Amino acid sequence: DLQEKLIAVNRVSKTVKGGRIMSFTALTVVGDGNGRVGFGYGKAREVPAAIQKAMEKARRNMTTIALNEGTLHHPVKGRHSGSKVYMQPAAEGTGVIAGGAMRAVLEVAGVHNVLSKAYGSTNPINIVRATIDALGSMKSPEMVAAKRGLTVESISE
RNA sequence: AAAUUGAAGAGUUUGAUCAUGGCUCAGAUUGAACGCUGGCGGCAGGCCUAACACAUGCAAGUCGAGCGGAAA
Ligand SMILES: CN[C@@H]1[C@H](O)[C@H](NC)[C@H]2O[C@@]3(O)C(=O)C[C@@H](C)O[C@H]3O[C@@H]2[C@H]1O
């Protein structure tokens, strides 16, 4: 499987005695639409090579997230650098109500119904890190019951 | 039974960066106005300004089973 999205391309510069070496950063996200998601950030002097590098990096850095059949089990907060993300489970039909970067991550991860907001910096590179920080923080009701030595019933009763 | 199902961001400071932080934009709205354009219908709405000044007509009469009457 592995759906791969390109969140951002950006032209960066190193100043040099000559003039300016201009290069390209690519922020990509990969996942299986069913719990795995990874990001990759690649650099190169050509755009295709950056995307390629990012994709390769992404594949290696993928991570399980506990989803509730296309939504979250509970609300989560993420933070990275100055980017803060809130995401909340939603009813089916809602769609991914996330903003930029955050929606790419949620697409490939397999979230179809979520409510989001991104506070603070909306810098793609940081949002993506916050989003996957948050998706990492999610636990299934079973996991939460396992940890508290109770049953899914008793947790919710 | 139901009385809800709800939350998007982008541009712009730098050679580049990340932050901070303004500014700006996408939405919805309206007793609107203006420009261009303009077929019909239904239902609403229509001096937000000068509590400015107002021509003209009209917007509070009715009762003869209260009364003397009798203009017609
Ligand atoms: C004195 N010779 C210089 C010296 O080799 C410089 N490197 C320290 C060399 O640097 C270059 O190669 C550069 O990259 C910068 C450019 C302006 O000059 C080029 O030619 C520069 C040469 O002219």
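Protein chains get the first letters and strands the later ones, always in sequence-line order, with residue 1 at the start of each.
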Work out the sugar pucker of [N] as north or south, treating a positive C1'-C2'-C3'-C4' as north.
| N | answer |
| --- | --- |
| B:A51 | south |
| B:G64 | south |
| B:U20 | north |
| B:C23 | north |
| B:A7 | south |

Review point. Taking everything shown except A:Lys139 itself, do over 12 heavy atoms lie less than 6.0 Å from its NZ?
Key: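 Counting neighbours around NZ of A:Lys139, 12 or fewer heavy atoms of other residues, nucleotides or ligands fall under 6.0 Å, so no.
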**Study point:** Over 12 non-hydrogen atoms of neighbours within 6.0 angstrom of CZ in A:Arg59
**Key:**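 Atom CZ in A:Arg59 is packed in, count exceeds 12.
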**Study point:** Check: A:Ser156 side chain, A:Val152 main-chain N or O, donor-acceptor pair, under 3.5 Å
**Key:**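 At least one qualifying donor-acceptor pair exists.
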Review point. Checking A:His74 side chain against A:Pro89 main chain: does a donor-acceptor pair fall under 3.5 Å?
Key: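 Flag not set: sc A:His74 to bb A:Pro89 has no pair under 3.5 Å.
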Pairwise [atom1] distance for [N] and [M], with rounding to whole Å:
| N | M | atom1 | answer |
| --- | --- | --- | --- |
| B:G21 | B:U13 | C1' | 10 Å |
| B:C18 | B:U14 | P | 14 Å |
| B:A33 | B:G46 | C1' | 14 Å |
| B:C25 | B:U37 | P | 29 Å |
| B:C54 | B:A50 | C1' | 13 Å |
| B:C34 | B:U30 | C1' | 15 Å |
| B:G61 | B:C67 | P | 25 Å |
| B:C23 | B:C36 | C1' | 32 Å |

Check your understanding: What does A:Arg20 touch in the nucleic acid at a heavy-atom separation under 4.0 angstrom: a base, only the sugar-phosphate, or nothing?
Key ->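 Sugar-phosphate, no base atom in range.
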Practice item. List the atom of A:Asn113, the atom of A:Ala91, and the distance in Å for their closest heavy-atom pair. Key: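 Heavy-atom minimum between the residues: CB-O, 3.5 Å.
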Check your understanding: Looking at A:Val128 and A:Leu27, what are the two nearest heavy atoms and their distance?
Key ->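 Heavy atoms only, the tightest pair is CG2-CD2, 3.8 Å.
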Show me the donor-acceptor pairs, under 3.5 Å and distance only, between side chains in residues 38-52 of chain A and residues at least two apart or in other chains.
residue, atom, partner, partner atom, Å
A:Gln52, NE2, A:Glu56, OE2, 3.2

Review point. When you list every nucleotide of RNA chain B with an atom under 4.0 Å from a heavy atom of chain A, which one comes first 5' to 3', and which comes last?
Key: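 Contact span on the strand: B:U5 to B:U20.
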Exercise for review: Please figure out whether A:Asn10 or A:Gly120 has its closest RNA chain B nucleotide nearer the 5' end.
Suggested key: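 Result: A:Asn10.
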Check your understanding: Which residue, A:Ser81 or A:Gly100, contacts RNA chain B at a nucleotide closer to its 5' end, judged by nearest heavy atom?
Key ->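 It is A:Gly100 whose nearest nucleotide is closer to the 5' end.
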Exercise for review: Please step through side-chain contact (heavy atoms from CB on, under 4.5 Å) for the pair A:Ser13 and A:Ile21, ending with a clear verdict.
Suggested key: CA-CA 6 Å; A:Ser13 173; A:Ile21 300 175; over 6 Å; no
Base-over-base contact, [N] with [M]: centres under 5.5 Å, angle under 30°:
| N | M | value |
| --- | --- | --- |
| B:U30 | B:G31 | no |
| B:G27 | B:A28 | yes |
| B:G9 | B:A10 | yes |
| B:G45 | B:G46 | yes |
| B:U13 | B:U14 | no |

Exercise for review: May I have the step-by-step check of side-chain contact (heavy atoms from CB on, under 4.5 Å) for A:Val111 and A:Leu72, ending in yes or no?
Suggested key: CA-CA 8 Å; A:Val111 172; A:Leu72 315 189; 4.0 Å; yes
**Study point:** Spacing of CG belonging to A:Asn123 relative to OG belonging to A:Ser83, to within rounding of 0.5 Å
**Key:**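 If I round to the nearest 0.5 Å, the distance is 6.0 Å.
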Practice item. Would you please enumerate the stems RNA chain B participates in, each stem being three or more consecutive Watson-Crick or G-U wobble pairs with both distances under 3.5 Å? Key: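 Only these stems qualify: B:9-12 with B:22-25.
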Check your understanding: Do the side-chain N and O atoms of A:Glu142 and A:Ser140 include a donor-acceptor pair separated by under 3.5 angstrom?
Key ->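 Short answer, no.
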